[PDB]
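Asker: Take a look at the following structure, please.
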Amino acid sequence: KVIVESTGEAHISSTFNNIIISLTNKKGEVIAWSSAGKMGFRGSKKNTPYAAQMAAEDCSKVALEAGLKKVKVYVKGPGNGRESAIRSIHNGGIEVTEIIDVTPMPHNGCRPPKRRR
Amino acid sequence: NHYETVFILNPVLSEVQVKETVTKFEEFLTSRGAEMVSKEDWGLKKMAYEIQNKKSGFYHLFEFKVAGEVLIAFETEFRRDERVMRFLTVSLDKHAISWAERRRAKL
Amino acid sequence: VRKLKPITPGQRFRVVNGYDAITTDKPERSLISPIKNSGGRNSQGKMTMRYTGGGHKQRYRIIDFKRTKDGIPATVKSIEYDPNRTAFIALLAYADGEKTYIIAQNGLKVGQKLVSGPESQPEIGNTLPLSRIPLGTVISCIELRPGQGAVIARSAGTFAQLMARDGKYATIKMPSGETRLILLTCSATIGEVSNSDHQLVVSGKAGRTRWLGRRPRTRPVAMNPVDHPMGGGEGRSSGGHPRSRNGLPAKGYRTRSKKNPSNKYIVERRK
Amino acid sequence: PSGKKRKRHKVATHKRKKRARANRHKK
Amino acid sequence: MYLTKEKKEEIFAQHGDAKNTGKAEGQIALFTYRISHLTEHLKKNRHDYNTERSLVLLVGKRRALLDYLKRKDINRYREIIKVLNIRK
Amino acid sequence: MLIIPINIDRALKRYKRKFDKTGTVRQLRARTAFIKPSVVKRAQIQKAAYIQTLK
Amino acid sequence: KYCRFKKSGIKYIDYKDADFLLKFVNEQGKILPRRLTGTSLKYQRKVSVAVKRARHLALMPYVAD
RNA sequence: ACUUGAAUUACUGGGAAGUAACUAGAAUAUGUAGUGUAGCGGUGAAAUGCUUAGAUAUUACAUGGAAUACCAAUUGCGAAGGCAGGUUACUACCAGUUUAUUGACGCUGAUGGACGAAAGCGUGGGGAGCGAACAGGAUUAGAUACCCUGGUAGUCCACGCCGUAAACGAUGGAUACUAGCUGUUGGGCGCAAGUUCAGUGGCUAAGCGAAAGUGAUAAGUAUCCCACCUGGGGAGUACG
RNA sequence: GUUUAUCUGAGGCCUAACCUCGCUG
């Protein structure tokens with residue numbers, strides 16, 4: 001139902017325990033998503049370059065057969081896999097044109113939760 | 001003392017509305033006992049970020065002189081007008097008045 | 001707000017209002033109408049709305065809630081006490097010669113000349129339409145229908161706030177916390193209502209409740225099963241699920257009609 | 001200095017505090 | 001306590017010798033002026049302990065000068081307190 | 001933001017090293033937990049003293 | 001490693017010059033430490049408040065790149 | 001009688017120094033609308049928890065609360081507690097110097113007054129995040145804890161109440177002397193070098209100290225005033 | 001698999017039945 005015009009983005013939101021890739025149209029409508037935990041990697045290996053590569057390649061040649069050729073990847077959050085989440089999209093067809101990083105950082109906004117012992 | 005206010009207007013206004021708002025703002029000071037020095041209109045400039053989903057605005061500078069006892073009503077009749085989007089009023093002294101003069105004398 | 005000394009047991013915890021904003025004690029003779037009180041008895045004579053008796057007969061002062069004299073400035077002449085409401089009145093005298101009894105605001109003193117209409121300034125006391133009250137102002141006496149009067153925020157110490165404006169309606173936060181839409185042509189008065197120190201008044205006495213017009217209220221728990229569905233029982237007993245008199249649950253049960261034709265104007269309930 | 005000297009003053013001030021807490025609401 | 005050069009010159013000339021800015025009488029007059037013009041600000045800024053303490057310090061300085069006058073010349077002390085309405 | 005124009009591995013390494021240089025790989029691990037001023041004010045008097053004794 | 005304001009005769013820091021206020025800001029729109037520019041503390045405070053005033057007046061961006 | 005102490009005045013400046021009122025952005029949370037399907041979150045590994053009633057993810061808008069990344073620090077101010085987004089109003093204080101002015105007007109200070117972190121108490125609002133107590137999951141022989149998922153008071157605001165801290169430089173306030181080296185803050189004299197006051201760090205000589213250490217901002221040599229100490233426990237306990 | 005004339009399930013809009021308010025229609 002969503003238009004798949006050949007200009008889009010890939011939001012790669014990583015963290016300390018997982019990573020989520022979402023290939024999205026140029027208007028915010030998500031086309032195809034994937035996750036390390038979705039690609040049968042439940043455990044302490046969700047935050048790994050191999051898991052990120054598999055999660056990226058899962059949706060790469062899924063959104064590829066939809067009409068997407070050029071991507072404007074937006075990377076967010078810390079954690080491993082930001083490298084081999086763009087590596088195994090640009091090496092799997094669809095071409096990347098930007099590596100914009102949009103990691104949010106508060107300007108002393110909220111109280112961090114109770115430093116852990 | 002010596003004050004200087006700079007404010008931005010809504011870019012959807014016309015040339016007749018942006019010329020009917022600045023005069024209503026300037027007649028507010030000349031009625032309380034002020035002396036307008038240099039009223040400048042930079043024009044339709046672009047904003048670094050987006051304000052009210054807009055990325056442009058008409059800038060204006062007043063740079064007036066009036067006692068500080070009539071500076072609260074002047075501030076309320078800035079946030080009670082819906083045509084403005086941002087305003088800033090700062091005081092000047094014998095280190096900024098000279099710079100203002102020498103930069104106004106530089107075209 | 002004064003705190004009486006504990007001389008008597010009926011005076012230990014009594015707190016008397018200060019009435020510091022009141023100036024004149026004698027009202028205006030031409031703006032007073034006769035009024036009699038009822039003990040809840042309706043026209044036919046049956047006692048509906050029980051627990052209201054009678055005490056200290058009062059007189060009614062004709063309050064001007066419309067304020068449809070636009071462009072004519074009026075000066076405050078005196079701030080007086082009205083027994084028929086909770087807020088002070090503060091009689092006004094117009095420039096042409098009329099005298100009215102509009103309701104007073106929080107910062108309304110004797111000597112202020114206030115103007116009505118749409119071309120007035122958003123100052124305390126002045127009344128303006130919602131299409132010209134700028135934004136987020138603490139307003140009161142909001143009209144619910146154009147040209148009818150004042151309905152919302154009329155008690156001592158209440159106020160509302162403007163939220164937004166969308167073409168024909170403006171969003172307003174009623175004193176109860178309900179967010180609702182009101183036509184833009186409706187009027188309102190800037191500034192909070194008077195008294196504002198009414199919630200701090202303590203009686204410390206059963207006699208003041210009867211001075212005000214109330215009567216003692218018997219608990220249905222200390223009754224017989226023929227009088228209330230909650231009475232009866234050997235010894236001190238409860239009443240099961242609290243009903244009112246006809247089995248209507250009295251805890252959580254909402255009585256607002258779910259098919260109310262005015263449901264298209266409510267944004268939050270908070271009631 | 002050493003911590004053993006400052007010690008036992010935590011226990012002496014905790015036992016009294018707990019006793020005063022457990023002896024409240026007595027009347 | 002908005003004190004200008006002209007106001008100080010006037011409050012010193014009122015006691016005499018406007019160029020004599022060190023006389024105990026002129027100093028006590030200045031202290032009384034800027035204490036009376038500060039206790040009023042303390043009525044709208046009742047939570048301004050920073051200026052309350054400065055007012056207390058000014059009172060202490062004025063009391064020190066009054067004690068100096070009392071110990072040196074008994075007549076000038078009575079004259080100044082009667083003309084300035086001090087000491088209760 | 002960290003917009004970086006554009007082989008792919010060269011640009012990816014450039015982006016990764018710019019991300020490591022702009023001081024963020026360790027900026028979020030410090031905000032994950034809460035450090036009160038009483039403990040954030042001693043890591044300065046114990047660091048400046050070390051830098052001074054290292055001179 | 002000197003102060004460009006103490007070497008010259010500049011005593012004020014204007015905030016209406018977005019082109020001039022770009023010499024004390026990072027490539028991503030952050031105030032540069034005075035260690036890299038040699039500016040004294042008295043003028044570093046002024047240039048910081050001027051950068052903040054320009055940010056408020058929307059002449060310099062908060063989040064840039 | 002005098003000006004050196006002290007205070008006032010004049011000129012240059014200095015700051016997160018106070019009280020009140022406005023205003024900005026990032027981020028978190030919630031709601032609406034669009035896209036979309038099976039996970040999300042968490043740990044040393046798991047589970048509780050949210051999810052096919054459409055979550056996590058993404059776009060746009062709106063609402064609300066708290067705190068202000070970079071500047072930013074053995075910086076600076078304040079008697080101390082403490083003070084950090086920006087603007088204005090009302091104040092206060094400090095430093096230097098060509099002035100002019102009074103002439104010991106000074107120091108300390110028992111009773112006493114004022115201020116006084118956080119937590120706590122009363123009344124009325126607000127409540128985004130955090131989170132005492134508490135409820136589940138996990139570890140353990142047990143776990144009334146550490147760990148994980150929720151969460152009330154509280155944290156916030158307007159008036160008040162108590163007056164306690166490792167309220168620490170574990171070093172009371174003054175004045176006067178006694179070697180240097182090396183940064184930095186705000187002034188003066190300087191075309192630069194550099195010099196002189198007022199604050200703030202480090203090394204160290206003599207001198208002190210039981211030693212660790214201190215060392216011109218003394219724990220060095222003197223004088224004045226205040227508070228406190230006299231083995232450990234009982235005990236900051238009993239009584240008033 | 002679509003088109004043309006009807007029935008029905010739902011939304012949106014209009015005023016012209018029906019309801020309400022302000023000045024006196």
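Every chain in the structure tokens has a letter given in the order shown (A, B, ...), and although residue numbers restart at 1 in each chain, ligands are simply numbered from 1 in the order shown.
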Please identify all polymer residues within 12 Å of region 30-46 of chain E, counting only C-alpha atoms (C1' of nucleotides), omitting same-chain residues fewer than 2 positions from it, and present them as a VMD selection string.

Answerer: (chain E and resid 1 to 4 7 to 15 21 to 28 48 to 66 80 to 81 83 to 87) or (chain H and resid 8 to 9 18 to 20 90 to 92 159)

Asker: Enumerate the residues of region 36-102 of chain B with a DSSP assignment of alpha helix (DSSP H), computed from the backbone, and present them as a PyMOL selection string.

Answerer: chain B and resi 73-79+97-102

Asker: Compile the contact shell of residue 10 (chain B) as JSON, numbers by chain: residues with an atom at most 6 Å away, counting only C-alpha atoms (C1' of nucleotides), same-chain residues fewer than 6 positions apart removed.

Answerer: {"B": [57, 83, 84]}

Asker: Each residue of chain F lying at most 10 Å from chain H should get a row with its shortest atom-to-atom pair and the distance in Å to one decimal, counting only C-alpha atoms (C1' of nucleotides); could you produce that, ordered by chain and increasing number, as JSON lines?

Answerer:
{"residue": "F:34", "atom": "CA", "partner": "H:130", "partner_atom": "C1'", "distance": 9.8}
{"residue": "F:44", "atom": "CA", "partner": "H:74", "partner_atom": "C1'", "distance": 8.1}
{"residue": "F:45", "atom": "CA", "partner": "H:74", "partner_atom": "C1'", "distance": 6.1}
{"residue": "F:46", "atom": "CA", "partner": "H:74", "partner_atom": "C1'", "distance": 9.2}
{"residue": "F:47", "atom": "CA", "partner": "H:74", "partner_atom": "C1'", "distance": 9.4}
{"residue": "F:48", "atom": "CA", "partner": "H:74", "partner_atom": "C1'", "distance": 6.4}
{"residue": "F:49", "atom": "CA", "partner": "H:74", "partner_atom": "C1'", "distance": 7.3}
{"residue": "F:52", "atom": "CA", "partner": "H:202", "partner_atom": "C1'", "distance": 6.8}
{"residue": "F:53", "atom": "CA", "partner": "H:202", "partner_atom": "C1'", "distance": 7.8}
{"residue": "F:55", "atom": "CA", "partner": "H:202", "partner_atom": "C1'", "distance": 9.4}

Asker: Write out, as a tab-separated table (two decimals), in the first residue's frame, the residues just selected, with N, CA, C and O atoms.

Answerer:
chain	number	residue	atom	x	y	z
F	34	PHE	N	24.08	7.42	36.80
F	34	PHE	CA	23.96	8.72	37.46
F	34	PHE	C	25.18	8.97	38.33
F	34	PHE	O	25.51	8.16	39.20
F	44	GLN	N	37.92	15.57	39.51
F	44	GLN	CA	38.66	16.74	39.03
F	44	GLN	C	39.83	17.10	39.93
F	44	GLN	O	40.92	17.39	39.43
F	45	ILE	N	39.63	17.07	41.25
F	45	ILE	CA	40.72	17.36	42.18
F	45	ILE	C	41.71	16.22	42.29
F	45	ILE	O	42.82	16.41	42.80
F	46	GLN	N	41.35	15.02	41.83
F	46	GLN	CA	42.29	13.91	41.75
F	46	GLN	C	42.94	13.78	40.39
F	46	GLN	O	43.95	13.07	40.26
F	47	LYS	N	42.40	14.44	39.36
F	47	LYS	CA	43.02	14.47	38.04
F	47	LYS	C	43.95	15.66	37.87
F	47	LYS	O	45.05	15.51	37.32
F	48	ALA	N	43.54	16.84	38.35
F	48	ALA	CA	44.41	18.01	38.27
F	48	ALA	C	45.65	17.84	39.13
F	48	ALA	O	46.74	18.25	38.74
F	49	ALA	N	45.50	17.22	40.31
F	49	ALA	CA	46.65	16.95	41.15
F	49	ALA	C	47.63	15.98	40.49
F	49	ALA	O	48.84	16.18	40.59
F	52	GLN	N	49.41	17.83	37.76
F	52	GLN	CA	50.39	18.75	38.33
F	52	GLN	C	51.63	18.02	38.83
F	52	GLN	O	52.75	18.48	38.62
F	53	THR	N	51.45	16.87	39.49
F	53	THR	CA	52.59	16.09	39.94
F	53	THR	C	53.31	15.39	38.79
F	53	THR	O	54.44	14.93	38.98
F	55	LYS	N	54.25	17.05	36.25
F	55	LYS	CA	54.95	18.15	35.60
F	55	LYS	C	56.27	18.46	36.31
F	55	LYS	O	56.40	18.28	37.52

Asker: Give me, as JSON, numbers by chain, all polymer residues having an atom no more than 12 Å from residue 11 (chain F), counting only C-alpha atoms (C1' of nucleotides) and skipping those fewer than 6 positions away in the same chain.

Answerer: {"A": [83, 86, 87, 90, 96, 97, 98, 99, 100], "F": [3, 4, 5, 17, 18]}

Asker: Find the residues around region 15-17 of chain A up to 9 Å (only C-alpha atoms (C1' of nucleotides) counted), leave out those fewer than 5 positions away in its own chain, and share them as a list in words.

Answerer: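 My reading of the contact set: residues 44, 45, 46, 47, 76, 77, 78, 79 and 80 of chain A; 42 of chain H.
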
Asker: Once you have the residues from the selection above, write them out as a PDB file, in the first residue's frame, restricted to C-alpha atoms (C1' of nucleotides).

Answerer:
ATOM      1  CA  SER A  44      24.338 -12.265  24.469  1.00  0.00           C
ATOM      2  CA  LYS A  45      25.233 -12.268  20.750  1.00  0.00           C
ATOM      3  CA  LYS A  46      22.625  -9.726  19.629  1.00  0.00           C
ATOM      4  CA  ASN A  47      25.278  -6.989  19.931  1.00  0.00           C
ATOM      5  CA  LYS A  76      21.561   6.165  15.786  1.00  0.00           C
ATOM      6  CA  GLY A  77      22.789   4.873  19.122  1.00  0.00           C
ATOM      7  CA  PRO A  78      26.019   3.284  20.327  1.00  0.00           C
ATOM      8  CA  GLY A  79      27.032  -0.356  20.171  1.00  0.00           C
ATOM      9  CA  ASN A  80      28.749  -2.652  17.707  1.00  0.00           C
TER      10      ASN A  80
ATOM     11  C1'   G H  42      16.637  -7.226  30.344  1.00  0.00           C
TER      12        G H  42
END

Asker: May I have the residues within 12 Å of region 45-54 of chain B as number ranges by chain, using only C-alpha atoms (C1' of nucleotides) and disregarding those fewer than 3 positions away in the same chain?

Answerer: B: 7-12, 41-42, 57-60, 82-86; G: 18, 29, 54-65; H: 24-25, 60-61

Asker: Would you compute the distance between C1' of residue 148 (chain H) and CA of residue 48 (chain A)? Give it in Å to one decimal.

Answerer: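 For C1' of residue 148 (chain H) relative to CA of residue 48 (chain A), the distance reads 22.5 Å.
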
Asker: Specify as JSON, numbers by chain all residues of chain H found within 12 Å of chain G, counting only C-alpha atoms (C1' of nucleotides).

Answerer: {"H": [13, 14, 15, 16, 23, 24, 25, 26, 69, 70, 71, 72, 73, 75, 76, 85, 86, 87, 184, 185, 186]}

Asker: Leaving out region 6-23 of chain D and any residue of its chain fewer than 6 positions from it, which residues lie within 12 Å of it when counting only C-alpha atoms (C1' of nucleotides), given as a list in words?

Answerer: residues 166, 233, 234, 235, 236 and 237 of chain H

Asker: Could you go through chain A and tell me which residues DSSP, when run on the backbone, assigns to strand (DSSP E), listing them as a count of residues only?

Answerer: 29

Asker: List every residue of chain B that has an atom at most 12 Å from any atom of chain C, giving for each one its closest atom pair and the distance in Å to one decimal, counting only C-alpha atoms, sorted by chain and then by ascending residue number, as a tab-separated table.

Answerer:
residue	atom	partner	partner_atom	distance
B:73	CA	C:123	CA	11.3
B:76	CA	C:122	CA	10.6
B:77	CA	C:122	CA	10.3
B:78	CA	C:134	CA	11.2
B:79	CA	C:134	CA	8.9
B:80	CA	C:134	CA	5.9
B:81	CA	C:134	CA	7.5
B:82	CA	C:134	CA	7.7
B:83	CA	C:134	CA	11.4

Asker: Go through chain A residue by residue and, counting only C-alpha atoms, keep those with an atom at most 12 Å from chain G; for each kept residue give the shortest atom pair and its distance in Å to one decimal, ordered by chain and increasing number, as JSON lines.

Answerer:
{"residue": "A:100", "atom": "CA", "partner": "G:65", "partner_atom": "CA", "distance": 9.6}
{"residue": "A:101", "atom": "CA", "partner": "G:65", "partner_atom": "CA", "distance": 10.0}
{"residue": "A:102", "atom": "CA", "partner": "G:63", "partner_atom": "CA", "distance": 10.2}
{"residue": "A:103", "atom": "CA", "partner": "G:63", "partner_atom": "CA", "distance": 11.5}
{"residue": "A:104", "atom": "CA", "partner": "G:63", "partner_atom": "CA", "distance": 10.4}
{"residue": "A:105", "atom": "CA", "partner": "G:63", "partner_atom": "CA", "distance": 10.4}
{"residue": "A:106", "atom": "CA", "partner": "G:63", "partner_atom": "CA", "distance": 11.5}
{"residue": "A:107", "atom": "CA", "partner": "G:62", "partner_atom": "CA", "distance": 10.7}

Asker: For the residues in that selection, give me N, CA, C and O atoms as a short mmCIF file (atom, residue, chain, number, x, y, z; two decimals), in the first residue's frame.

Answerer:
data_model
loop_
_atom_site.label_atom_id
_atom_site.label_comp_id
_atom_site.auth_asym_id
_atom_site.auth_seq_id
_atom_site.Cartn_x
_atom_site.Cartn_y
_atom_site.Cartn_z
N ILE A 100 24.89 9.71 7.64
CA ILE A 100 24.49 10.67 8.66
C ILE A 100 24.23 9.96 9.98
O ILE A 100 23.48 8.99 10.05
N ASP A 101 24.86 10.46 11.05
CA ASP A 101 24.67 9.94 12.39
C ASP A 101 23.82 10.91 13.19
O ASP A 101 24.15 12.10 13.30
N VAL A 102 22.72 10.41 13.76
CA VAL A 102 21.74 11.24 14.44
C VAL A 102 21.58 10.80 15.89
O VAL A 102 20.50 10.92 16.47
N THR A 103 22.66 10.31 16.49
CA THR A 103 22.64 9.86 17.87
C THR A 103 22.15 10.98 18.79
O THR A 103 22.77 12.05 18.83
N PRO A 104 21.05 10.78 19.52
CA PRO A 104 20.52 11.84 20.38
C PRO A 104 21.32 11.96 21.68
O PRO A 104 21.63 10.95 22.32
N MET A 105 21.65 13.19 22.05
CA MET A 105 22.34 13.47 23.31
C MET A 105 21.59 14.58 24.04
O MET A 105 21.39 15.67 23.47
N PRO A 106 21.13 14.35 25.26
CA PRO A 106 20.40 15.39 25.99
C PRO A 106 21.33 16.47 26.53
O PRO A 106 22.49 16.22 26.85
N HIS A 107 20.79 17.68 26.61
CA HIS A 107 21.52 18.81 27.19
C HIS A 107 21.15 18.96 28.67
O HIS A 107 20.58 19.96 29.09
#

Asker: With 12 Å as the cut-off and only C-alpha atoms (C1' of nucleotides) counted, what is the closest atom pair between each nearby residue of chain C and chain H? Distances in Å to one decimal, ordered by chain and number, as a tab-separated table.

Answerer:
residue	atom	partner	partner_atom	distance
C:163	CA	H:63	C1'	10.4
C:164	CA	H:62	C1'	10.7
C:179	CA	H:63	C1'	12.0
C:196	CA	H:124	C1'	11.7
C:197	CA	H:124	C1'	11.3
C:199	CA	H:124	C1'	9.9
C:200	CA	H:123	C1'	9.7
C:267	CA	H:31	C1'	11.7
C:268	CA	H:31	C1'	11.8

Asker: Pull N, CA, C and O atoms from the residues just selected and write them as a short mmCIF file (atom, residue, chain, number, x, y, z; two decimals), in the first residue's frame.

Answerer:
data_model
loop_
_atom_site.label_atom_id
_atom_site.label_comp_id
_atom_site.auth_asym_id
_atom_site.auth_seq_id
_atom_site.Cartn_x
_atom_site.Cartn_y
_atom_site.Cartn_z
N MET C 163 -6.38 27.85 25.66
CA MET C 163 -5.43 26.86 25.18
C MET C 163 -5.03 27.07 23.73
O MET C 163 -3.84 27.16 23.42
N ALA C 164 -6.00 27.15 22.82
CA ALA C 164 -5.70 27.31 21.40
C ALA C 164 -6.91 27.94 20.72
O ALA C 164 -7.89 28.31 21.36
N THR C 179 -11.24 19.90 29.61
CA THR C 179 -10.83 20.64 28.42
C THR C 179 -11.97 20.60 27.42
O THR C 179 -12.37 19.52 26.96
N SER C 196 -11.18 34.26 46.98
CA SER C 196 -10.02 33.37 46.90
C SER C 196 -9.53 32.90 48.25
O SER C 196 -8.57 32.16 48.33
N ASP C 197 -10.18 33.35 49.31
CA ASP C 197 -9.79 32.94 50.65
C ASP C 197 -10.99 32.35 51.37
O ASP C 197 -11.09 32.40 52.60
N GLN C 199 -12.01 29.02 50.88
CA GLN C 199 -11.70 27.64 51.23
C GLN C 199 -11.00 27.56 52.58
O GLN C 199 -10.93 26.49 53.18
N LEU C 200 -10.48 28.69 53.07
CA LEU C 200 -9.76 28.73 54.33
C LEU C 200 -10.65 29.05 55.52
O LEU C 200 -10.15 29.18 56.64
N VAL C 267 -13.06 17.38 25.36
CA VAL C 267 -11.79 16.77 25.02
C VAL C 267 -11.24 15.90 26.15
O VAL C 267 -10.54 14.92 25.88
N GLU C 268 -11.54 16.23 27.40
CA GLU C 268 -11.17 15.40 28.55
C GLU C 268 -12.32 15.46 29.55
O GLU C 268 -13.12 16.39 29.54
#
